[PDB]
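Only one structure is covered here, and it is reproduced in the block below.
4 protein chains.
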Amino acid sequence: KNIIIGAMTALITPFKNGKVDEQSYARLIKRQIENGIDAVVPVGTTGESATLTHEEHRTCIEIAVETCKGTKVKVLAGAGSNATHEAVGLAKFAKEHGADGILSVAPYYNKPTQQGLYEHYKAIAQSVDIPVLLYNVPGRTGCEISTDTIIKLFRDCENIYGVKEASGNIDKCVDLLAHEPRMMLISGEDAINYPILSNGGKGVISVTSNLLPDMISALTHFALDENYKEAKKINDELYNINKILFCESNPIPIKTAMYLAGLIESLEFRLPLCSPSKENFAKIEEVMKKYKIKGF
Amino acid sequence: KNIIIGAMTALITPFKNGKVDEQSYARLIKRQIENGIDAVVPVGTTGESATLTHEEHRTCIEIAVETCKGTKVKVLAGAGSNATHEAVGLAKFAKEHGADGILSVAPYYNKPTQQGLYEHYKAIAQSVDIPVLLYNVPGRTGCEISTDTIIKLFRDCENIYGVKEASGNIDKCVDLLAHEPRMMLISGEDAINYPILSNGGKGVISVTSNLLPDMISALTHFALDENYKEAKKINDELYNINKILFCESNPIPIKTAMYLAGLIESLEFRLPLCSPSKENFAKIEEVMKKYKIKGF
Amino acid sequence: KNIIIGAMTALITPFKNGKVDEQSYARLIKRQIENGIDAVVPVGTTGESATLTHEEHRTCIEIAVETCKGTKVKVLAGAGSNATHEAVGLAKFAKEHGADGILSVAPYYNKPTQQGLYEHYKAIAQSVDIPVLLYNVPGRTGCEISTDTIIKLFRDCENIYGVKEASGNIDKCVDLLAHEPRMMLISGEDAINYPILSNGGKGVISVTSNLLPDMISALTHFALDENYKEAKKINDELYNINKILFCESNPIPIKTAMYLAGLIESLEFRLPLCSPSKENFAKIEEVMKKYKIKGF
Amino acid sequence: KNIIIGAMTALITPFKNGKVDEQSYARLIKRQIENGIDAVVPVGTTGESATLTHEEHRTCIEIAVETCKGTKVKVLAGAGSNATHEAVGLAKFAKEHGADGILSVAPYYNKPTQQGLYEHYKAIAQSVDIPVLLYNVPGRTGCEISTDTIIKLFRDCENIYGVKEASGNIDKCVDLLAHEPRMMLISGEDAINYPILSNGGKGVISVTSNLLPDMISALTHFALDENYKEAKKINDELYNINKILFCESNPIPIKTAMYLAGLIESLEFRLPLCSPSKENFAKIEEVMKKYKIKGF
Ligand SMILES: [Mg+2]
Ligand SMILES: [Mg+2]
């Protein structure tokens, strides 16, 4: 199987006057490259995929593909939907724009069954010949991809190589890698990055890395080189910022943090997302001062 | 306030050869009309809104509007999205073909805050001047519209007149009606239709009514006439079918039941939704034979 | 079946200098009788059963039995345990001390299976010849008595006549009374007292009634007389006090309220229970402001 | 600080004709000793503490203390209660009988507040001068000891040295050891033994070790030697039996497994505990066939 692993960032999408700040989007991708990030994830959950146009969707994949060209950095483009046929289209259209692989979230809202999840992802995997990483986040989608379906999809479709897990369930990550140790388990939860890596996980798709890419990069590579002492210490050091980046719904805190560090120009979201409360604004701000933030 | 209340049906969308069976859609809406239904809800969750194209969206709202012209039955069109920009368009689009009001689901997947939910629905309500009913289903959206947000939207925007509750939280339904008794609480959960109505609820948007429109209509009208003994008696009789219609995700069981009753032509869904397992097929069929299913 | 229904109070156990204030216990029971209460529950969860000794247990049952002599009030004494041999013993000794019936909590901590719960309660029911009311409170016991187990126990032993439901699950209360309408469903959750009664429940075992016995008495009796309008109106009115009486774990807030109203002399608990935070203390005092508390 | 860490077993309590099989109890404890276990836990949750008398409570501590004399193995006796006055008494009662330390479960059923939990454990710690290990299992107790309360108790009372976590929350296990790395995190959940140990946990209190003590000992000692690959491989091999030992509530499956392996005499529990169904009997019987079960 062809895989995309290592330290990866779920890129935020900066807005300027209600439109995508394309120059800041690319400058932020270059900040990730120069800090040891192995892949960038355009238009993921942290990138506000839900409120971007299909043409803004296309614009930020191209920026990501172009900025990492000539580098070892891959583009795992967000290309998922709760309609399988739309998800198939977005997968084929992400490939046509140079993405090295796709992150495809479990169908949200309409709660498909395990049989439906299998056929949904099976249809996507047969749509393109580039790696496909599953994305399980039941707290946001309202459904769960069971361990059996993940393993079945991994074994039955050749380009499906792993799962991004955001479930706060270390038992499931033991279940997954004990029955199928060949899959690529990816942490989708910054606070528990190290435990997932220490059990055989092979990468991270991080929110914190938007603000602290060097620290997330060091964490993952220490772990992949089995230096768990150094990996655990950065994971322990990052716990406060890892939790405070979820005082409100992602990506509200991380975008607030990037604005407070001066890495984006305006703290703009697209509704129904909005700026945080003024206590969480202040309580994000008080935590950032104990972490050291690299510039451009 | 302008309102749409009473016994309402979240219409299934029958598919035949992968397209919307327009004749059966009309046929079914007239079947609802002739069994005491007060309003129909096209392209709700039970109508597989997520997998229909906008043009399909338009066809079933128009079919519903035309089938109920000249009758008492109202059309509460599904018009919601996890992007406000999109939800405003779908609301206007709905008004545009004669829908009497819109049911607008809480933004799914992207988990807006209470502040974002307020601005989301405030933007929708000021976009149209037809009634807007909120739709809270945290198990599917991953978010909850708090009682404070519901009540504020009810008081701050004149066309927002109530909420369709599908949260299995009778505590919230006393909380809602105790602090704002002028709002229209609508049950989106068939098993507890009577308890919600007995506490002052003014209607249901039902899945079961697709199969047993006469029984659900009678239940609601029994309750609205304060004949709670007869309203509770219909509710108790319906518990078995009300629960078995959720052995798998809605609308998989109800469409199976409609197909087994000979009310639609093929048991077709759009992925990621699919046919049920063979015992839930058997378990839907073995509970269906205990009820009297009205024909055309 | 012999039954104990109507408005019932889970009596708090007042402490003074680490001892049970037997005279203040008798004065709270008298105040319950004179405000329309149909039965009192000594040494329930609200009575701090876990921290009372066996004479205390016996002292408050005898005081309750003697204080309600010459009145219609009945005594449903708490006599349960997560060890079946102790639960049987406490049941037999509750009968020997003049209790009209027993409230038996679902075994806590050790999570018995449905088969174990059946045999547990079957041994209790065969140990005494007084009515037995089951008590399901999964948030505190860690286990749930399923509807089938409750219904099986109701049908197999004459003295098991119903269940005190404290699960915030109006669906389960439809499940129970739809399949076995001869059982006595009793509300163990003040905020949803009216919905449980409106669905055929025949009484409450209340926490708020300690502070506002007349209002809980009026609510319960209005419902049993099918004056649902009046019953919901007291329910809606008490919603604020019903919820804040659980800002901390029961009976911490209710004892704070009784102390703030001057109905007990000292705000004492037995560890691990203690008095609440001073913000919740201040916050309990602020909801009491709109209620009229009866004296002695 | 004095600590009790390493591979530890939550001993089952065998019954024959309704009473504790004292001769088999000693023969199971030495079987644990001869397979590399570092400490045994008499009358814990797996030992059916709730249904043992205080004379069997004293009988099973003395056998454990006496059977491990002249050996390395320590005795961490279960001595807890939801009444602080009983927990203090049982702690002094465990020390006087030769226990090397006490495991004290969070108060069950009566849901103490965080401040009440603090004073509860603070009172216990001053009663004895032997190590105290906190025991958090919210699914059984109905309460959670927060990270702040655990860290406060560890720092304020000299003999409180760590916690036995059974909450399936690896995030909490990062939270605990990142803010207080001197505490002893002990796994109370066999399936996630390795992830908890790899994050700095220093031992397990296991259910599976009753049946496979050598494998749990090797797992813990491989991990404590920072040979995490061999620890992860034993953890992965054990996942199936670790899960099947919870098909029903512990200790129903482990005692069934011990009975099927011929290590105990009778499949007897004390009510409300009971024998499992014939599924779970068959599913325990079929998962055991992949492991090698050491004899006497
Ligand atoms: Mg997220
Ligand atoms: Mg346990």
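Residue numbers (my numbering), protein chains in the order written: chain A, 1 to 296; chain B, 1001 to 1296; chain C, 2001 to 2296; chain D, 3001 to 3296.
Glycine included, each C-beta is placed from N, C-alpha and C at the ideal position.
1) Which residue wins for smallest C-alpha separation from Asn1242(B), given the options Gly1201(B), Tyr1194(B), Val1040(B), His1221(B)?
2) I'd like to confirm the pairing. Which residues does DSSP put opposite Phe1015(B) in its beta bridges?
3) Cβ closer than 9 Å: which chain C residues qualify as neighbours of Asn3082(D)?
4) Measure from the alpha carbon of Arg182(A) to the alpha carbon of each residue in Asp171(A), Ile293(A), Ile160(A), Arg270(A), then state which is nearest.
5) My output table needs one value for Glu3165(D): the three-state DSSP class, helix, strand or coil.
6) For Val2207(C), go through chain B and note every residue whose CB falls closer than 8 Å to its CB, in chain order.
7) Quick one: does the C-beta of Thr3009(D) sit closer than 8 Å to a heavy atom of ligand 2?
8) Give me the pocket residues for ligand 1, defined as CB within less than 5 Å of any heavy atom, sorted by chain position.
9) Looking at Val88(A) and ligand 2, is the gap between the Cβ and the nearest heavy atom below 8 Å?
10) Look at the Cβ atom of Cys3060(D), then the Cβ atom of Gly3047(D), and state whether they are nearer than 9 Å.
11) With a threshold of 8 Å, establish whether the CB of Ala3166(D) neighbours any heavy atom of ligand 3.
12) To the nearest angstrom, how far is the alpha carbon of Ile1234(B) from that of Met1215(B)?
13) Please say whether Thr256(A) and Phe281(A) have beta carbons closer to each other than 9 Å?
14) Can you list the residues of chain A that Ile3170(D) reaches, using a CB-CB cut of under 7 Å?
15) What does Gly2006(C) pair with, by DSSP beta-bridge criteria?
16) Are there 16 or more other CB atoms within 10 angstroms of the CB of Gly1139(B), so buried, or fewer, so exposed?
17) Going straight from the alpha carbon of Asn1110(B) to that of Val3207(D), what length do you get?
18) Identify the contact partners of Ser1198(B) in chain C, using a Cβ-Cβ distance below 9 Å as the criterion.
19) Cβ closer than 9 Å: which chain D residues qualify as neighbours of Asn235(A)?
20) I need the boundaries of the alpha helix (DSSP H) containing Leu3219(D), first residue and last residue.
21) Give me the Cα-Cα distance between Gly1036(B) and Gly44(A), rounded to the nearest whole angstrom.
22) Closer than 8 Å to a non-hydrogen atom of ligand 2 - does that hold for the CB of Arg3027(D)?
23) Taking the alpha-carbon positions, what's the residue 996(B) to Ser1167(B) distance?
24) How about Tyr2291(C): is its C-beta nearer than 9 Å to some C-beta of chain B?
25) Per DSSP, what are the beta-bridge partners of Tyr135(A) in this structure?
26) Return no unless some Cβ of chain C is closer than 9 Å to the Cβ of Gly3116(D).
27) I'd like to confirm the pairing. Which residues does DSSP put opposite residue 299(A) in its beta bridges?
28) Excluding five sequence neighbours on each side, which residues of the same chain lie with their C-beta closer than 6 Å to the C-beta of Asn3082(D)?
29) Give me whichever residues DSSP pairs with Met3184(D) in a beta bridge.
30) Is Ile2252(C) close to chain D? Criterion is C-beta to C-beta, closer than 9 Å.
31) Quick check: the Cα distance between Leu153(A) and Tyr121(A), rounded to an integer number of angstroms?
32) What does the Cβ neighbour count give for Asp3038(D), buried or exposed, with the cut at 16 atoms within 10 Å?
33) Whole angstroms are fine: how far does the CA of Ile3012(D) sit from the CA of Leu3273(D)?
34) So which residues of chain C does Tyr1239(B) contact, with C-beta pairs closer than 9 Å?
35) Measuring only from the beta carbon, is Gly3188(D) closer than 8 Å to any heavy atom that is part of ligand 2?
36) Kindly indicate if chain B contains any beta-carbon less than 9 Å away from that of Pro276(A).
According to the structure shown:
1) In the second sequence, residue 1242(B) corresponds to position 242, counting from 1. That would be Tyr1194(B), whose Cα lies nearest to the Cα of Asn1242(B).
2) Taking the second sequence and counting its residues from 1, one reaches residue 1015(B) at position 15. Beta-bridge pairing by DSSP links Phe1015(B) to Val1020(B).
3) For this step, residue 3082(D) is matched to residue 82 along the fourth sequence. Within chain C, the residues near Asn3082(D) are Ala2050, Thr2051, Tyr2108, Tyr2109, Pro2272.
4) Residue numbering aside, residue 182(A) sits at position 182 when the first sequence is read from its first letter. The residue with the shortest Cα to Cα distance from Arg182(A) is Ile160(A).
5) Taking the first residue of the fourth sequence as 1, we reach residue 3165(D) at position 165. In this structure, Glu3165(D) counts as strand in the three-state DSSP scheme.
6) As a first step, residue 2207(C) is located in the third sequence; it is residue number 207 there, counting from the start. Result: empty, since nearest Cβ-Cβ is about 15 Å, beyond 8 Å.
7) Residue numbering aside, residue 3009(D) sits at position 9 when the fourth sequence is read from its first letter. Every heavy atom of ligand 2 is 8 Å or more from the Cβ of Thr3009(D), so no.
8) Ordered along the chain, the selected set is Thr45(A), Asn250(A).
9) By one-based count along the first sequence, residue 88(A) stands at place 88. Not under cutoff, so the answer is no.
10) Your numbering for residue 3060(D) matches position 60 in the fourth sequence. Your numbering for residue 3047(D) matches position 47 in the fourth sequence. In this structure, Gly3047(D) lies closer than 9 Å to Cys3060(D) by Cβ.
11) Here the bound small molecules are ligand 1 and ligand 2; ligand 3 is not part of this structure.
12) To locate residue 1234(B), count along the second sequence from 1; it is residue 234. To locate residue 1215(B), count along the second sequence from 1; it is residue 215. Cα-Cα distance, rounded: 7 Å.
13) Your numbering for residue 281(A) matches position 281 in the first sequence. Your numbering for residue 256(A) matches position 256 in the first sequence. For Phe281(A) and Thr256(A), yes; Cβs fall inside 9 Å.
14) The residue labelled residue 3170(D) in the question sits at position 170 within the fourth sequence. In chain order: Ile170, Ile192, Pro195.
15) Sequence index remark: in the third sequence, residue 2006(C) carries index 6 (1-based). DSSP output for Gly2006(C) lists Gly2203(C) as bridge partner(s).
16) The residue labelled residue 1139(B) in the question sits at position 139 within the second sequence. Residue burial annotation: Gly1139(B) is exposed, with fewer than 16 other C-beta atoms found within 10 angstroms of its C-beta.
17) Within the second sequence, residue 1110(B) is the residue found at index 110, counting from 1. Within the fourth sequence, residue 3207(D) is the residue found at index 207, counting from 1. Note on geometry: alpha-carbon atoms of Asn1110(B) and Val3207(D) lie some 40 Å from one another.
18) Working through the second sequence from its first residue, we reach residue 1198(B) at position 198. Ordered by position in chain C, the residues that pass the 9 Å Cβ test against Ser1198(B) are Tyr2194, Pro2195, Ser2198, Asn2199, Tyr2228, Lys2232.
19) Sequence index remark: in the first sequence, residue 235(A) carries index 235 (1-based). Ordered by position in chain D, the residues that pass the 9 Å Cβ test against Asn235(A) are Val3174, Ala3178, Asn3199.
20) Locating residue 3219(D) in the fourth sequence gives position 219, where the first residue counts as 1. First-last of the alpha helix (DSSP H) with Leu3219(D): 3213 to 3224.
21) For the purposes of this step, residue 1036(B) is taken as residue 36 along the second sequence, with counting starting at 1. For the purposes of this step, residue 44(A) is taken as residue 44 along the first sequence, with counting starting at 1. The C-alpha of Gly44(A) is placed about 46 Å away from the C-alpha of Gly1036(B).
22) Here residue 3027(D) is taken as the residue at index 27 of the fourth sequence, counted from 1. Exclusion of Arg3027(D) from the 8 Å shell around ligand 2 follows from its C-beta lying no nearer than that to any non-hydrogen atom of the ligand.
23) Residue 996(B) cannot be examined here, being either before or after the span of chain B that is shown, 1001 to 1296.
24) The residue you call residue 2291(C) lines up with position 291 of the third sequence. With 9 Å as the cut-off, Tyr2291(C) does not count as an interface residue toward chain B.
25) For the purposes of this step, residue 135(A) is identified with residue 135 of the first sequence, where counting begins at 1. For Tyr135(A), which the question treats as bridged, DSSP gives the partners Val105(A), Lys164(A).
26) Residue 3116(D) sits at position 116 when you count from the first residue of the fourth sequence. Taking Cβ atoms only, chain C reaches closer than 9 Å to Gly3116(D), which makes this a yes.
27) Lying before the first or after the last residue shown, residue 299(A) is absent from chain A, which here runs from 1 to 296.
28) Stepping through the fourth sequence from its first residue, residue 3082(D) is reached at position 82. Listed in chain order, the non-local C-beta contacts of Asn3082(D) below 6 Å within the same chain comprise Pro3107, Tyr3108, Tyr3109, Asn3110, local neighbours out to five positions each way being set aside.
29) Counting from 1 along the fourth sequence, the entry for residue 3184(D) is found at position 184. Beta bridge pairing from DSSP links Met3184(D) with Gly3162(D).
30) Indexing the third sequence from 1 puts residue 2252(C) at position 252. When Cβ-Cβ separations below 9 Å define contact, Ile2252(C) makes contact with chain D.
31) Residue mapping note: residue 153(A) aligns to position 153 of the first sequence, counting from 1. Residue mapping note: residue 121(A) aligns to position 121 of the first sequence, counting from 1. Straight-line Cα distance between these residues: approximately 7 Å.
32) Here residue 3038(D) corresponds to residue number 38 of the fourth sequence, with the count starting at 1. Counting the other Cβ atoms within 10 Å of the Cβ of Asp3038(D) gives 16 or more, which makes it buried.
33) Indexing the fourth sequence from 1 puts residue 3273(D) at position 273. Indexing the fourth sequence from 1 puts residue 3012(D) at position 12. Taking the straight line joining both Cα atoms gives about 13 Å.
34) For this step, residue 1239(B) is matched to residue 239 along the second sequence. In chain order: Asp2171, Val2174, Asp2175, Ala2178, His2179.
35) Here residue 3188(D) refers to the residue found at position 188 of the fourth sequence. For ligand 2, at least one heavy atom lies less than 8 Å from the Cβ of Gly3188(D).
36) Start at 1 with the first residue of the first sequence, and residue 276(A) comes out as number 276. Chain B, which has a Cβ nearer than 9 Å to the Cβ of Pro276(A), makes this yes.
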